[PDB]
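Undergrad: Here's a structure for you.
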Amino acid sequence: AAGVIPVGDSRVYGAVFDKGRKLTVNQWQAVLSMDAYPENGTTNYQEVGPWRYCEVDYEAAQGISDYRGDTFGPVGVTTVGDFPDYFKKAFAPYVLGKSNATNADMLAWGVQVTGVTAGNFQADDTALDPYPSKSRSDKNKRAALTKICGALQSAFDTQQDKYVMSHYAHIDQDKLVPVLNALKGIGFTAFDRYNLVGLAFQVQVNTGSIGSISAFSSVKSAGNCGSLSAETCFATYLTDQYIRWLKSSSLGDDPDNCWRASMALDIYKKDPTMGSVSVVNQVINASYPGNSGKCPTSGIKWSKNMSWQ
């Protein structure tokens, strides 16, 4: 079937997503397709399923202790977490036509769509959550979270393009901008030849901690790169650090997915522009079929590791 609007749609690239055109459209096609694979099992990032997706307490369903409320959309916005930023800077302007959306407006929306009274919400920069003191499996709490999912899916159904644009806008503001700022801080600003955004983007989507790459400045100053170019050195450093994060029970604790770091580096090595979805598919089919693979690190001695969060 047809997917949601692609990054190359005139309403998306250059408009609500990558407003400064740091990457090209074909680079975004490759990067978003690559990112979709570890997450969804396909490089078809436009598939409608993950964009309409909204689940009540995914964590509880999977026996994870952390509580995040509802999880929704292609990058899993959570109602305890990044939802307030998603609501105020993306959903309200693009779907609701509302400027200067505040936490009070978010509270009012929550009240509107759940029928739960304002006093029974937490509504601040960290969360919109109905009945924050009730058990997560409480019938009325689950009912309200279900209504929030219903409202978001109603937005997908009635205004698919605007809703999709709101998620592109959130990806832009919550993922791309921090990636660009962090990379600039360590000396990388141009991505037409050496597309380091491609590697950093996946790390930011998974960890939300791309600011931690500031540690590379010390690594470079210490001379750890030797004959490696600054770009190749960073690509390798970031990949090693990301693997470290994924493998460790004390960090990301997702060892079965550590290969996703090596996938991205393998793609960069075949095509440093990371501007071909064909190369993405080729690497995945050769070395990472069935959402698995090995995650070898470089062995390079780094003088400083990244400190996460």
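All Cβ positions, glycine included, derive from the backbone under ideal geometry; neighbour counts span all protein chains shown. Numbers and lists here come from the model and the stated rules, or from a named source; no laboratory read-out is quoted.
Undergrad: Please determine whether any residue of region 289-304 is of a type in the set (A, V, I, L, M), farther than 22 Å from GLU39 by Cα, in contact (Cβ under 8 Å) with a residue 60 or more places away in the chain and surrounded by 13 or more Cβ atoms within 10 Å (Cβ to Cβ).
TA: Yes: one or more hits.
Undergrad: Right, here's the next one. Residues that are of a type in the set (D, E, K, R), within 17 Å of the chain's Cα centre (by Cα) and surrounded by fewer than 21 Cβ atoms within 10 Å (Cβ to Cβ): which helices (runs of 4 or more DSSP H) entirely in region 1-113 hold 1 or more of them? Let's see the steps before the verdict.
TA: Values: elements: 25-40, 48-52, 58-61, 83-86.
Qualifying helices (runs of 4 or more DSSP H): 25-40, 48-52, 83-86.
Undergrad: Limited to region 188-202, what total is found for residues that are among the charged types (D, E, K, R) and either surrounded by 24 or more Cβ atoms within 10 Å (Cβ to Cβ) or touching a helix residue (DSSP H, G or I) at 6+ places or on another chain (Cβ under 7 Å) (or both)? Full working, then the answer.
TA: Step one: list which residues in region 188-202 are among the charged types (D, E, K, R), which gives 192-193.
Subset that is either surrounded by 24 or more Cβ atoms within 10 Å (Cβ to Cβ) or touching a helix residue (DSSP H, G or I) at 6+ places or on another chain (Cβ under 7 Å) (or both): none.
So the answer is 0.
Undergrad: Shifting gears a bit: Quick test of your reading of the structure: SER249 fulfils all but one of (1) assigned to a loop (DSSP other than H, G, I, E, B); (2) under 22 Å from the mean Cα position of the chain (by Cα); (3) polar (S, T, N, Q); (4) within 19 Å of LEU183 (Cβ to Cβ). Name the failing condition by number.
TA: (4)
Undergrad: Does region 121-133 contain at least one residue that is within 30 Å of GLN282 (Cα to Cα), in contact with a strand residue (DSSP E or B) (Cβ under 6 Å, 6 or more places away or on another chain) and in a strand (DSSP E or B)?
TA: Narrowing region 121-133 to residues within 30 Å of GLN282 (Cα to Cα): none.
Looking through region 121-133, none of the residues is within 30 Å of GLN282 (Cα to Cα), in contact with a strand residue (DSSP E or B) (Cβ under 6 Å, 6 or more places away or on another chain) and in a strand (DSSP E or B).
Undergrad: Do you know which of the residues in region 114-139 that are under 18 Å from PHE72 (Cβ atoms) and of a type in the set (A, V, I, L, M) is surrounded by the fewest Cβ atoms within 10 Å (Cβ to Cβ)?
TA: So the residue we want is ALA127.
Undergrad: Consider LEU251 carefully, then state whether it is touching an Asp or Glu at 6+ places or on another chain (Cβ under 7 Å) and under 20 Å from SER209 (Cα atoms).
TA: On the way: touching an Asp or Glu at 6+ places or on another chain (Cβ under 7 Å): no; under 20 Å from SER209 (Cα atoms): yes.
For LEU251, the condition - touching an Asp or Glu at 6+ places or on another chain (Cβ under 7 Å) and under 20 Å from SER209 (Cα atoms) - is not met.
Undergrad: In addition: Output the number of the condition that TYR163 fails; it satisfies all remaining conditions of (1) over 18 Å from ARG68 (Cα atoms); (2) over 20 Å from the mean Cα position of the chain (by Cα); (3) hydroxyl-bearing (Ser, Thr, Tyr).
TA: (2) is the only condition that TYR163 fails.
Undergrad: Are there any pairs with C-beta distances below 7 angstrom linking a residue in region 168-189 that is under 22 Å from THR232 (Cβ atoms) to a residue that is of a type in the set (A, V, I, L, M, F, W, C) and surrounded by fewer than 20 Cβ atoms within 10 Å (Cβ to Cβ), with the two at least 6 apart or on different chains, and if so which?
TA: What qualifies is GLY187/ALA230.
Undergrad: Conditions first: (1) in contact (Cβ under 8 Å) with a residue 12 or more places away in the chain; (2) more than 28 Å from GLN309 (Cβ to Cβ); (3) not assigned by CATH to the domain that holds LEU238. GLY119 passes all but one, so which condition is the exception?
TA: Tallying (1) in contact (Cβ under 8 Å) with a residue 12 or more places away in the chain; (2) more than 28 Å from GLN309 (Cβ to Cβ); (3) not assigned by CATH to the domain that holds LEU238, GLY119 fails exactly one: (1).
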